[PDB]
file work.pdb (PDB, C-alpha atoms and all ligand atoms)
ATOM      1  CA  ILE A   2       3.914-168.049 149.440
ATOM      2  CA  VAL A   3       6.861-169.738 147.576
ATOM      3  CA  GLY A   4       8.227-173.119 148.663
ATOM      4  CA  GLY A   5       5.314-174.737 150.513
ATOM      5  CA  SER A   6       3.743-176.552 147.545
ATOM      6  CA  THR A   7       2.743-180.195 147.957
ATOM      7  CA  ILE A   8       5.084-182.578 146.200
ATOM      8  CA  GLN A   9       3.903-186.168 145.936
ATOM      9  CA  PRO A  10       5.997-188.516 143.782
ATOM     10  CA  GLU A  11       4.428-191.541 145.554
ATOM     11  CA  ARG A  12       1.111-190.558 143.908
ATOM     12  CA  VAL A  13       2.523-191.490 140.486
ATOM     13  CA  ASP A  14       3.830-194.681 138.909
ATOM     14  CA  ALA A  15       7.623-194.811 138.457
ATOM     15  CA  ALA A  16       7.332-195.477 134.714
ATOM     16  CA  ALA A  17       5.100-192.448 134.260
ATOM     17  CA  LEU A  18       7.606-190.256 136.116
ATOM     18  CA  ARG A  19      10.516-191.614 134.056
ATOM     19  CA  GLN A  20       8.560-190.843 130.901
ATOM     20  CA  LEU A  21       7.906-187.246 131.996
ATOM     21  CA  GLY A  22      11.635-187.129 132.704
ATOM     22  CA  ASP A  23      12.246-188.288 129.146
ATOM     23  CA  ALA A  24      10.102-185.452 127.726
ATOM     24  CA  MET A  25      11.746-182.917 130.023
ATOM     25  CA  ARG A  26      15.164-184.016 128.855
ATOM     26  CA  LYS A  27      14.162-183.127 125.277
ATOM     27  CA  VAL A  28      13.123-179.568 126.013
ATOM     28  CA  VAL A  29      14.147-178.180 129.435
ATOM     29  CA  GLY A  30      17.057-175.742 129.020
ATOM     30  CA  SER A  31      16.853-175.680 125.213
ATOM     31  CA  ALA A  32      15.739-172.909 122.830
ATOM     32  CA  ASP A  33      12.303-172.731 121.234
ATOM     33  CA  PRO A  34      10.463-174.095 124.300
ATOM     34  CA  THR A  35       7.493-176.448 123.962
ATOM     35  CA  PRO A  36       4.450-176.277 126.307
ATOM     36  CA  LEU A  37       6.264-178.580 128.801
ATOM     37  CA  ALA A  38       9.345-176.323 128.862
ATOM     38  CA  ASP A  39       7.067-173.299 129.153
ATOM     39  CA  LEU A  40       5.235-174.944 132.072
ATOM     40  CA  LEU A  41       8.477-175.658 133.907
ATOM     41  CA  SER A  42       9.790-172.112 133.407
ATOM     42  CA  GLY A  43       6.796-170.593 135.118
ATOM     43  CA  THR A  44       4.610-169.784 132.134
ATOM     44  CA  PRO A  45       1.000-170.960 132.345
ATOM     45  CA  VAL A  46       0.116-173.273 129.472
ATOM     46  CA  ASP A  47      -2.964-174.657 127.710
ATOM     47  CA  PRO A  48      -3.605-178.246 128.970
ATOM     48  CA  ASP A  49      -4.403-179.577 125.491
ATOM     49  CA  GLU A  50      -1.051-178.574 124.011
ATOM     50  CA  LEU A  51       0.590-180.251 127.000
ATOM     51  CA  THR A  52      -1.425-183.424 126.436
ATOM     52  CA  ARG A  53      -0.086-183.709 122.912
ATOM     53  CA  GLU A  54       3.465-183.565 124.318
ATOM     54  CA  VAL A  55       3.191-185.801 127.434
ATOM     55  CA  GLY A  56      -0.086-187.671 126.862
ATOM     56  CA  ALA A  57      -3.280-187.588 128.915
ATOM     57  CA  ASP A  58      -1.503-189.897 131.361
ATOM     58  CA  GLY A  59       1.472-187.510 131.496
ATOM     59  CA  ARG A  60      -0.974-184.660 132.157
ATOM     60  CA  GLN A  61      -2.544-186.561 135.065
ATOM     61  CA  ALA A  62       0.906-187.521 136.351
ATOM     62  CA  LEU A  63       1.874-183.812 136.333
ATOM     63  CA  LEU A  64      -1.190-183.046 138.447
ATOM     64  CA  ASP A  65      -1.015-186.031 140.807
ATOM     65  CA  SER A  66       2.640-185.430 141.667
ATOM     66  CA  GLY A  67       2.158-181.722 142.406
ATOM     67  CA  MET A  68       4.316-180.770 139.439
ATOM     68  CA  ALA A  69       1.390-178.896 137.880
ATOM     69  CA  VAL A  70      -1.833-177.386 139.221
ATOM     70  CA  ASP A  71      -5.090-176.800 137.295
ATOM     71  CA  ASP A  72      -6.054-173.106 137.249
ATOM     72  CA  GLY A  73      -9.152-174.083 135.241
ATOM     73  CA  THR A  74      -8.258-172.766 131.773
ATOM     74  CA  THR A  75      -4.480-173.165 132.140
ATOM     75  CA  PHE A  76      -1.935-175.302 133.994
ATOM     76  CA  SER A  77       0.956-173.707 135.871
ATOM     77  CA  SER A  78       3.833-175.180 137.873
ATOM     78  CA  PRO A  79       5.224-174.087 141.246
ATOM     79  CA  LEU A  80       8.551-175.629 140.222
ATOM     80  CA  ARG A  81      11.223-174.756 137.659
ATOM     81  CA  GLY A  82      13.201-177.159 135.504
ATOM     82  CA  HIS A  83      16.964-177.457 135.114
ATOM     83  CA  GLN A  84      19.073-179.722 132.920
ATOM     84  CA  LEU A  85      22.741-180.188 133.728
ATOM     85  CA  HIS A  86      25.432-182.875 133.935
ATOM     86  CA  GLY A  87      23.191-185.558 132.466
ATOM     87  CA  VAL A  88      20.402-184.974 134.902
ATOM     88  CA  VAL A  89      17.018-183.202 134.866
ATOM     89  CA  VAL A  90      16.160-181.394 138.125
ATOM     90  CA  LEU A  91      13.062-179.607 139.363
ATOM     91  CA  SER A  92      13.366-177.037 142.117
ATOM     92  CA  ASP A  93      11.762-173.879 143.535
ATOM     93  CA  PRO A  94      12.098-170.717 141.459
ATOM     94  CA  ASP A  95      14.851-168.319 142.516
ATOM     95  CA  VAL A  96      13.050-165.636 144.589
ATOM     96  CA  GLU A  97      13.760-163.244 147.429
ATOM     97  CA  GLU A  98      13.765-164.084 151.147
ATOM     98  CA  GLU A  99      10.541-162.202 151.899
ATOM     99  CA  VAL A 100       8.446-164.549 149.785
ATOM    100  CA  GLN A 101      10.119-167.815 150.841
ATOM    101  CA  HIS A 102       8.286-170.571 152.681
ATOM    102  CA  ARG A 103      10.234-172.158 155.545
ATOM    103  CA  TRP A 104      10.556-175.281 153.343
ATOM    104  CA  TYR A 105      11.849-173.334 150.349
ATOM    105  CA  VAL A 106      14.310-175.504 148.413
ATOM    106  CA  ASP A 107      17.687-174.256 147.118
ATOM    107  CA  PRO A 108      16.979-173.132 143.505
ATOM    108  CA  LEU A 109      20.426-174.435 142.437
ATOM    109  CA  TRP A 110      22.499-171.303 143.140
ATOM    110  CA  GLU A 111      25.882-173.051 143.326
ATOM    111  CA  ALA A 112      25.002-176.602 142.200
ATOM    112  CA  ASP A 113      26.579-176.430 138.751
ATOM    113  CA  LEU A 114      29.832-174.898 140.042
ATOM    114  CA  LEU A 115      30.044-177.438 142.856
ATOM    115  CA  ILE A 116      29.537-180.409 140.550
ATOM    116  CA  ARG A 117      32.520-179.138 138.522
ATOM    117  CA  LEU A 118      34.678-178.907 141.669
ATOM    118  CA  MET A 119      33.872-182.432 142.865
ATOM    119  CA  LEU A 120      36.544-185.111 142.425
ATOM    120  CA  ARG A 121      35.727-187.240 139.382
ATOM    121  CA  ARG A 122      36.260-190.618 141.094
ATOM    122  CA  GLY A 123      33.295-192.815 141.942
ATOM    123  CA  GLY A 124      33.006-195.742 144.334
ATOM    124  CA  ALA A 125      30.829-197.866 146.600
ATOM    125  CA  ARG A 126      28.600-195.664 148.727
ATOM    126  CA  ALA A 127      27.955-191.897 148.780
ATOM    127  CA  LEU A 128      26.205-189.489 151.127
ATOM    128  CA  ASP A 129      24.763-186.108 150.134
ATOM    129  CA  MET A 130      24.189-184.076 153.296
ATOM    130  CA  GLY A 131      21.411-181.517 153.023
ATOM    131  CA  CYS A 132      20.399-182.929 149.637
ATOM    132  CA  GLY A 133      17.861-180.176 148.738
ATOM    133  CA  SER A 134      16.516-180.784 145.217
ATOM    134  CA  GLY A 135      18.727-183.863 145.129
ATOM    135  CA  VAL A 136      20.898-182.508 142.341
ATOM    136  CA  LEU A 137      24.251-183.639 143.792
ATOM    137  CA  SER A 138      22.759-187.020 144.744
ATOM    138  CA  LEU A 139      21.561-187.508 141.170
ATOM    139  CA  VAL A 140      24.978-186.790 139.699
ATOM    140  CA  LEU A 141      26.787-189.023 142.203
ATOM    141  CA  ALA A 142      24.473-191.927 141.309
ATOM    142  CA  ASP A 143      26.263-192.342 137.982
ATOM    143  CA  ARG A 144      29.604-192.958 139.765
ATOM    144  CA  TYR A 145      28.579-194.699 142.959
ATOM    145  CA  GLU A 146      26.890-198.024 143.621
ATOM    146  CA  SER A 147      24.376-196.401 145.936
ATOM    147  CA  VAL A 148      23.706-192.867 147.143
ATOM    148  CA  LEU A 149      21.834-191.585 150.175
ATOM    149  CA  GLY A 150      20.628-187.982 150.319
ATOM    150  CA  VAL A 151      19.504-186.490 153.612
ATOM    151  CA  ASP A 152      17.558-183.365 154.501
ATOM    152  CA  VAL A 153      15.676-182.014 157.529
ATOM    153  CA  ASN A 154      13.313-180.305 155.082
ATOM    154  CA  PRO A 155      10.671-182.965 154.370
ATOM    155  CA  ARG A 156       9.637-181.177 151.203
ATOM    156  CA  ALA A 157      13.219-181.364 149.903
ATOM    157  CA  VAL A 158      13.145-185.095 150.548
ATOM    158  CA  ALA A 159       9.984-185.379 148.420
ATOM    159  CA  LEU A 160      11.463-183.200 145.672
ATOM    160  CA  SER A 161      14.640-185.293 145.634
ATOM    161  CA  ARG A 162      12.641-188.522 145.289
ATOM    162  CA  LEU A 163      10.602-187.040 142.460
ATOM    163  CA  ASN A 164      13.806-185.932 140.782
ATOM    164  CA  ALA A 165      15.352-189.401 141.164
ATOM    165  CA  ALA A 166      12.192-190.863 139.630
ATOM    166  CA  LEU A 167      12.113-188.340 136.747
ATOM    167  CA  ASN A 168      15.633-189.451 135.775
ATOM    168  CA  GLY A 169      14.752-193.152 136.207
ATOM    169  CA  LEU A 170      17.555-193.492 138.775
ATOM    170  CA  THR A 171      17.348-196.704 140.863
ATOM    171  CA  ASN A 172      20.371-196.546 143.170
ATOM    172  CA  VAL A 173      19.458-193.316 145.017
ATOM    173  CA  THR A 174      17.610-193.149 148.315
ATOM    174  CA  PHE A 175      16.460-190.133 150.319
ATOM    175  CA  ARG A 176      15.668-189.816 154.042
ATOM    176  CA  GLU A 177      14.235-187.087 156.261
ATOM    177  CA  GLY A 178      16.277-186.407 159.368
ATOM    178  CA  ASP A 179      18.638-184.158 161.290
ATOM    179  CA  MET A 180      22.188-184.319 159.907
ATOM    180  CA  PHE A 181      23.737-187.813 160.171
ATOM    181  CA  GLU A 182      20.921-189.303 162.237
ATOM    182  CA  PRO A 183      19.108-191.158 159.403
ATOM    183  CA  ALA A 184      22.376-192.061 157.651
ATOM    184  CA  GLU A 185      23.285-195.527 158.912
ATOM    185  CA  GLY A 186      26.789-196.949 158.508
ATOM    186  CA  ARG A 187      29.873-195.376 156.926
ATOM    187  CA  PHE A 188      30.390-193.847 153.473
ATOM    188  CA  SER A 189      33.075-193.771 150.777
ATOM    189  CA  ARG A 190      31.976-190.296 149.814
ATOM    190  CA  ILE A 191      30.291-187.373 151.531
ATOM    191  CA  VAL A 192      29.174-184.117 149.938
ATOM    192  CA  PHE A 193      27.796-181.175 151.879
ATOM    193  CA  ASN A 194      26.624-177.967 150.206
ATOM    194  CA  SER A 195      26.365-176.330 153.590
ATOM    195  CA  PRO A 196      23.678-173.799 154.502
ATOM    196  CA  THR A 197      26.158-171.109 155.522
ATOM    197  CA  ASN A 198      26.711-167.602 154.204
ATOM    198  CA  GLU A 199      26.821-164.388 156.236
ATOM    199  CA  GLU A 200      24.888-165.310 159.356
ATOM    200  CA  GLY A 201      28.012-166.041 161.412
ATOM    201  CA  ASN A 202      27.063-168.287 164.337
ATOM    202  CA  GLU A 203      23.345-167.641 164.247
ATOM    203  CA  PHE A 204      20.597-169.886 162.957
ATOM    204  CA  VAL A 205      18.440-167.841 160.575
ATOM    205  CA  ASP A 206      16.784-170.636 158.587
ATOM    206  CA  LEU A 207      17.431-173.937 156.828
ATOM    207  CA  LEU A 208      19.470-172.149 154.099
ATOM    208  CA  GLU A 209      21.530-170.081 156.591
ATOM    209  CA  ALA A 210      21.784-172.249 159.634
ATOM    210  CA  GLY A 211      24.938-170.862 161.219
ATOM    211  CA  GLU A 212      28.369-172.264 162.059
ATOM    212  CA  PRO A 213      26.978-174.773 164.603
ATOM    213  CA  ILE A 214      25.721-176.928 161.699
ATOM    214  CA  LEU A 215      29.300-177.089 160.431
ATOM    215  CA  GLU A 216      30.547-177.987 163.903
ATOM    216  CA  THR A 217      27.985-180.795 164.188
ATOM    217  CA  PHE A 218      28.883-181.968 160.711
ATOM    218  CA  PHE A 219      32.640-182.095 161.232
ATOM    219  CA  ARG A 220      32.511-183.540 164.762
ATOM    220  CA  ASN A 221      30.481-186.469 163.492
ATOM    221  CA  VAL A 222      32.180-186.951 160.123
ATOM    222  CA  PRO A 223      35.092-189.083 161.434
ATOM    223  CA  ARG A 224      32.688-191.830 162.569
ATOM    224  CA  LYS A 225      30.704-191.649 159.285
ATOM    225  CA  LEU A 226      33.623-191.906 156.873
ATOM    226  CA  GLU A 227      35.159-195.101 155.493
ATOM    227  CA  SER A 228      38.956-195.182 155.664
ATOM    228  CA  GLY A 229      40.284-193.619 152.462
ATOM    229  CA  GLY A 230      36.980-191.785 152.089
ATOM    230  CA  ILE A 231      36.476-188.328 150.584
ATOM    231  CA  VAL A 232      34.563-185.389 152.056
ATOM    232  CA  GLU A 233      33.653-182.308 150.008
ATOM    233  CA  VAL A 234      32.084-179.246 151.588
ATOM    234  CA  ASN A 235      31.017-175.894 150.144
ATOM    235  CA  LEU A 236      31.025-173.424 153.016
ATOM    236  CA  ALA A 237      31.531-169.977 154.482
ATOM    237  CA  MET A 238      34.148-169.470 157.187
ATOM    238  CA  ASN A 239      34.532-166.617 159.694
ATOM    239  CA  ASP A 240      37.971-165.787 161.045
ATOM    240  CA  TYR A 241      37.799-163.810 164.256
ATOM    241  CA  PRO A 242      40.764-161.974 165.770
ATOM    242  CA  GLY A 243      42.733-164.575 167.752
ATOM    243  CA  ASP A 244      40.222-167.160 166.565
ATOM    244  CA  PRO A 245      40.618-168.531 163.003
ATOM    245  CA  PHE A 246      38.110-170.950 161.515
ATOM    246  CA  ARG A 247      40.767-173.583 160.733
ATOM    247  CA  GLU A 248      41.702-174.170 164.362
ATOM    248  CA  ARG A 249      38.041-174.682 165.265
ATOM    249  CA  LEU A 250      37.765-177.008 162.289
ATOM    250  CA  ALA A 251      40.880-178.883 163.437
ATOM    251  CA  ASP A 252      39.381-179.317 166.922
ATOM    252  CA  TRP A 253      35.996-180.445 165.610
ATOM    253  CA  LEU A 254      37.512-183.071 163.313
ATOM    254  CA  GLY A 255      39.928-184.428 165.908
ATOM    255  CA  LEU A 256      42.389-184.091 163.066
ATOM    256  CA  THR A 257      45.595-185.523 164.530
ATOM    257  CA  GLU A 258      43.675-188.087 166.541
ATOM    258  CA  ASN A 259      41.520-189.442 163.686
ATOM    259  CA  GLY A 260      44.322-189.157 161.126
ATOM    260  CA  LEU A 261      42.642-187.030 158.458
ATOM    261  CA  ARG A 262      44.076-184.841 155.697
ATOM    262  CA  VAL A 263      42.112-181.630 155.082
ATOM    263  CA  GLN A 264      42.516-178.952 152.404
ATOM    264  CA  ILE A 265      40.738-175.635 152.455
ATOM    265  CA  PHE A 266      40.544-173.922 149.088
ATOM    266  CA  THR A 267      39.594-170.273 149.693
ATOM    267  CA  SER A 268      37.850-168.548 146.799
ATOM    268  CA  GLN A 269      36.385-165.323 148.191
ATOM    269  CA  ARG A 270      37.321-163.044 151.043
ATOM    270  CA  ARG A 271      36.423-159.768 152.739
ATOM    271  CA  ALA A 272      37.492-157.886 155.877
ATOM    272  CA  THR A 273      34.866-157.993 158.611
ATOM    273  CA  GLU A 274      33.785-155.024 160.700
ATOM    274  CA  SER A 275      35.651-156.370 163.716
ATOM    275  CA  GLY A 276      39.128-156.905 162.249
ATOM    276  CA  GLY A 277      38.368-160.515 161.422
ATOM    277  CA  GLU A 278      37.697-162.104 158.028
ATOM    278  CA  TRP A 279      34.830-163.748 156.198
ATOM    279  CA  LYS A 280      35.738-166.351 153.571
ATOM    280  CA  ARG A 281      33.921-168.578 151.122
ATOM    281  CA  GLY A 282      35.568-171.745 149.915
ATOM    282  CA  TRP A 283      35.695-175.464 149.309
ATOM    283  CA  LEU A 284      36.929-177.951 151.906
ATOM    284  CA  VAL A 285      38.209-181.395 150.948
ATOM    285  CA  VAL A 286      38.947-184.355 153.208
ATOM    286  CA  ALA A 287      40.932-186.946 151.236
ATOM    287  CA  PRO A 288      43.481-189.732 151.932
ATOM    288  CA  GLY A 289      47.111-188.766 152.494
ATOM    289  CA  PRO A 290      49.461-187.088 155.000
ATOM    290  CA  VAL A 291      47.562-186.090 158.148
ATOM    291  CA  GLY A 292      47.231-182.323 158.564
ATOM    292  CA  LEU A 293      45.438-179.166 157.467
ATOM    293  CA  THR A 294      46.369-177.046 154.466
ATOM    294  CA  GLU A 295      44.942-173.767 153.151
ATOM    295  CA  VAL A 296      45.363-172.872 149.480
ATOM    296  CA  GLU A 297      44.097-169.969 147.366
ATOM    297  CA  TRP A 298      41.747-170.902 144.507
ATOM    298  CA  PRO A 299      39.628-168.118 143.050
ATOM    299  CA  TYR A 300      37.313-170.637 141.380
ATOM    300  CA  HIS A 301      34.312-168.264 141.467
ATOM    301  CA  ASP A 302      36.175-165.783 139.238
ATOM    302  CA  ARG A 303      37.398-168.565 136.980
ATOM    303  CA  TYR A 304      33.909-170.055 136.784
ATOM    304  CA  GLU A 305      32.598-166.622 135.849
ATOM    305  CA  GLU A 306      35.157-166.071 133.068
ATOM    306  CA  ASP A 307      34.682-169.655 131.825
TER     307      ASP A 307
HETATM  308  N1  LIG B   1      19.997-180.098 160.283
HETATM  309  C1  LIG B   1      19.961-180.387 158.985
HETATM  310  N2  LIG B   1      20.028-181.713 158.604
HETATM  311  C2  LIG B   1      19.993-182.033 157.271
HETATM  312  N3  LIG B   1      19.905-181.029 156.314
HETATM  313  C3  LIG B   1      19.843-179.735 156.667
HETATM  314  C4  LIG B   1      19.873-179.382 158.011
HETATM  315  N4  LIG B   1      19.817-178.037 158.061
HETATM  316  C5  LIG B   1      19.745-177.535 156.804
HETATM  317  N5  LIG B   1      19.773-178.589 155.920
HETATM  318  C6  LIG B   1      19.700-178.559 154.455
HETATM  319  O1  LIG B   1      20.927-178.260 153.825
HETATM  320  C7  LIG B   1      20.662-177.798 152.510
HETATM  321  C8  LIG B   1      21.640-176.700 152.085
HETATM  322  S1  LIG B   1      21.388-176.083 150.385
HETATM  323  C9  LIG B   1      22.051-177.446 149.383
HETATM  324  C10 LIG B   1      20.979-178.237 148.626
HETATM  325  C11 LIG B   1      21.514-179.177 147.540
HETATM  326  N6  LIG B   1      22.451-180.151 148.099
HETATM  327  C12 LIG B   1      22.193-178.379 146.437
HETATM  328  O2  LIG B   1      23.415-178.371 146.311
HETATM  329  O3  LIG B   1      21.531-177.714 145.651
HETATM  330  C13 LIG B   1      19.205-177.329 152.506
HETATM  331  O4  LIG B   1      18.449-178.154 151.641
HETATM  332  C14 LIG B   1      18.738-177.495 153.939
HETATM  333  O5  LIG B   1      17.384-177.891 154.034
HETATM  334 MG    MG B   2      16.897-167.372 154.276
END
call {"tool": "encode", "arguments": {"input": "work.pdb", "output": "structure tokens"}}
result
Amino acid sequence: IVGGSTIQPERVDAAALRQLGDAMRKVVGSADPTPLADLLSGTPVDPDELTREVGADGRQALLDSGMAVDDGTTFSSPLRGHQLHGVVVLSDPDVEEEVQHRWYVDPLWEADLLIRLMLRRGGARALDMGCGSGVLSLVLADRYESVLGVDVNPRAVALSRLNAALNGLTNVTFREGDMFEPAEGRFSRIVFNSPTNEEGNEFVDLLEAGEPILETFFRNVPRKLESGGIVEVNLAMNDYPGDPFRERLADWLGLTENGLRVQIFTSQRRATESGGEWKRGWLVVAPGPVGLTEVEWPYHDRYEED
């Protein structure tokens, strides 16, 4: 019911998308919403009021791309608008599991926090693994000569492309595929907002895919990373008695043997019902002395207070 809508940015001229992006930038996230802001916050709107804001071409572009649907008397949108860090982003509305389509796209739960954690440097070539709405890809595109975003969710790939087009971004490409498979060559920069939470080792769905997706990611990251390259991962970690996450991580990465420096910043923590520990934190691979370090950083709390 939510997250299966058809998204078709190829059905609309790039200039028309950029223009809609321009209008969105004026109103999405700001007080006293116009019909376009209303549309993109889930409120059905009168088509004629919309026309005056985006033009009859804009109206058609909204329809052709899947951004709006004609309920006869009113238009409504399956998507919701965000504006943040210089970028306008459409994604699915935040709703509960029971009403989520299998292709439901991350409604930007942690996006804004993660952007603020990311190192400020830019560079040659960036990869955004599991790109979702494309939000992180869009932000990286300002700093990096080109950006590739990858997702196994084909609808996320469409959404990302639409979002790139709305912002008039030229240097960002998206590909459908499984993990690193459609990502050819090596990268200066790799970001992974990983689909892990409380599911332990078990695949539940594309937003809670289990620890094996992290294993696949980190085993393959050495061969995908330019020397001196940076990796940033948002993830959940499960420590089991006699079996801490970091030693599995060390084995996956071939840490000593590939000469990587890794830092795990742990933000949240709770005892598990087996004497182990669940953690949430932020993992950084960056140039420097080979080895693994764990540091405390309660950035969730700090983000909440400021
Ligand atoms: N095997 C796989 N290969 C590529 N992407 C995958 C994948 N399994 C899950 N994903 C994707 O990983 C994403 C995690 S949510 C993060 C989305 C976006 N980067 C953001 O920060 O908002 C989801 O979009 C999910 O579809
Ligand atoms: Mg789920």
call {"tool": "residues_around", "arguments": {"input": "work.pdb", "residues": "residue 237 in chain A", "least_positions_apart": "3", "cutoff": "9 Å", "atoms": "only C-alpha atoms", "output": "list in words"}}
result
residues 195, 196, 197, 198, 199, 201, 212, 279, 280, 281, 282 and 283 of chain A
call {"tool": "write_last_selection", "arguments": {"input": "work.pdb", "atoms": "C-alpha atoms", "output": "mmCIF file, keeping the file's coordinate frame"}}
result
data_model
loop_
_atom_site.group_PDB
_atom_site.id
_atom_site.type_symbol
_atom_site.label_atom_id
_atom_site.label_comp_id
_atom_site.auth_asym_id
_atom_site.auth_seq_id
_atom_site.Cartn_x
_atom_site.Cartn_y
_atom_site.Cartn_z
ATOM 1 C CA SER A 195 26.365 -176.330 153.590
ATOM 2 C CA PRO A 196 23.678 -173.799 154.502
ATOM 3 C CA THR A 197 26.158 -171.109 155.522
ATOM 4 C CA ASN A 198 26.711 -167.602 154.204
ATOM 5 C CA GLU A 199 26.821 -164.388 156.236
ATOM 6 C CA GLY A 201 28.012 -166.041 161.412
ATOM 7 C CA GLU A 212 28.369 -172.264 162.059
ATOM 8 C CA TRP A 279 34.830 -163.748 156.198
ATOM 9 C CA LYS A 280 35.738 -166.351 153.571
ATOM 10 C CA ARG A 281 33.921 -168.578 151.122
ATOM 11 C CA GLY A 282 35.568 -171.745 149.915
ATOM 12 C CA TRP A 283 35.695 -175.464 149.309
#
call {"tool": "residues_around", "arguments": {"input": "work.pdb", "residues": "range 101-117 of chain A", "least_positions_apart": "3", "cutoff": "10 Å", "atoms": "all atoms listed in the file", "output": "ChimeraX atom specification"}}
result
/A:2-6,80-83,85-86,90-98,120-121,132-137,140-141,153-158,160,192,194,196,206-208,233-235,283,300-301,304-305
call {"tool": "resolve_selection", "arguments": {"input": "work.pdb", "expression": "the PyMOL selection byres (((chain A and resi 285) around 6) and not hetatm)", "output": "list in words"}}
result
residues 232, 233, 263, 264, 284 and 286 of chain A
call {"tool": "resolve_selection", "arguments": {"input": "work.pdb", "expression": "the PyMOL selection byres (((chain A and resi 67) around 9) and not hetatm)", "output": "list in words"}}
result
residues 6, 7, 8, 9, 10, 62, 63, 64, 65, 66, 68, 69, 70, 78 and 79 of chain A
call {"tool": "closest_residue", "arguments": {"input": "work.pdb", "among": "A:182, A:239, A:170, A:202", "to": "residue 221 in chain A", "atoms": "all atoms listed in the file"}}
result
A:182
call {"tool": "residues_around", "arguments": {"input": "work.pdb", "residues": "residue 36 in chain A", "least_positions_apart": "5", "cutoff": "9 Å", "atoms": "all atoms listed in the file", "output": "list in words"}}
result
residues 41, 44, 45, 46, 47, 48, 50, 51 and 54 of chain A
call {"tool": "residues_around", "arguments": {"input": "work.pdb", "residues": "residue 297 in chain A", "least_positions_apart": "2", "cutoff": "7 Å", "atoms": "only C-alpha atoms", "output": "list in words"}}
result
residues 266, 267, 268, 295 and 299 of chain A
call {"tool": "write_last_selection", "arguments": {"input": "work.pdb", "atoms": "C-alpha atoms", "output": "PDB file, in the frame of the given file"}}
result
ATOM      1  CA  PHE A 266      40.544-173.922 149.088  1.00  0.00           C
ATOM      2  CA  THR A 267      39.594-170.273 149.693  1.00  0.00           C
ATOM      3  CA  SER A 268      37.850-168.548 146.799  1.00  0.00           C
ATOM      4  CA  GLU A 295      44.942-173.767 153.151  1.00  0.00           C
ATOM      5  CA  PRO A 299      39.628-168.118 143.050  1.00  0.00           C
TER       6      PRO A 299
END
call {"tool": "atom_distance", "arguments": {"input": "work.pdb", "atom1": "atom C12 of ligand LIG 1 (chain B)", "atom2": "CA of residue 260 in chain A"}}
result
28.7 Å
call {"tool": "atom_distance", "arguments": {"input": "work.pdb", "atom1": "CA of residue 185 in chain A", "atom2": "atom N3 of ligand LIG 1 (chain B)"}}
result
15.1 Å
call {"tool": "atom_distance", "arguments": {"input": "work.pdb", "atom1": "CA of residue 245 in chain A", "atom2": "CA of residue 200 in chain A"}}
result
16.5 Å
call {"tool": "resolve_selection", "arguments": {"input": "work.pdb", "expression": "the PyMOL selection byres (((chain A and resi 183) around 12) and not hetatm)", "output": "VMD selection string"}}
result
chain A and resid 128 to 131 149 to 153 174 to 182 184 to 187 225
call {"tool": "closest_residue", "arguments": {"input": "work.pdb", "among": "A:292, A:22, A:13, A:75", "to": "residue 39 in chain A", "atoms": "only C-alpha atoms"}}
result
A:75
call {"tool": "closest_residue", "arguments": {"input": "work.pdb", "among": "A:18, A:222, A:296, A:159", "to": "residue 89 in chain A", "atoms": "all atoms listed in the file"}}
result
A:18
call {"tool": "closest_residue", "arguments": {"input": "work.pdb", "among": "A:205, A:172, A:211, A:165", "to": "ligand MG 2 (chain B)", "atoms": "all atoms listed in the file"}}
result
A:205
call {"tool": "closest_residue", "arguments": {"input": "work.pdb", "among": "A:217, A:273, A:164, A:74", "to": "ligand LIG 1 (chain B)", "atoms": "all atoms listed in the file"}}
result
A:217
call {"tool": "closest_residue", "arguments": {"input": "work.pdb", "among": "A:215, A:261, A:166, A:210", "to": "ligand MG 2 (chain B)", "atoms": "all atoms listed in the file"}}
result
A:210
call {"tool": "decode", "arguments": {"input": "work.pdb", "residues": "range 249-263 of chain A", "atoms": "C-alpha atoms", "output": "tab-separated table (two decimals), in the first residue's frame"}}
result
chain	number	residue	atom	x	y	z
A	249	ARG	CA	34.45	-10.18	12.98
A	250	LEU	CA	34.87	-6.78	11.37
A	251	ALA	CA	38.66	-7.12	11.59
A	252	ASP	CA	38.49	-10.53	9.89
A	253	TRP	CA	36.14	-9.34	7.15
A	254	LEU	CA	38.31	-6.34	6.28
A	255	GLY	CA	41.57	-8.27	6.30
A	256	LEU	CA	42.71	-5.35	8.42
A	257	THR	CA	46.39	-6.09	9.00
A	258	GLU	CA	46.75	-7.62	5.56
A	259	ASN	CA	45.16	-4.76	3.58
A	260	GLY	CA	46.66	-2.07	5.82
A	261	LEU	CA	43.52	-0.17	6.86
A	262	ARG	CA	42.82	2.11	9.81
A	263	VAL	CA	39.31	1.74	11.27
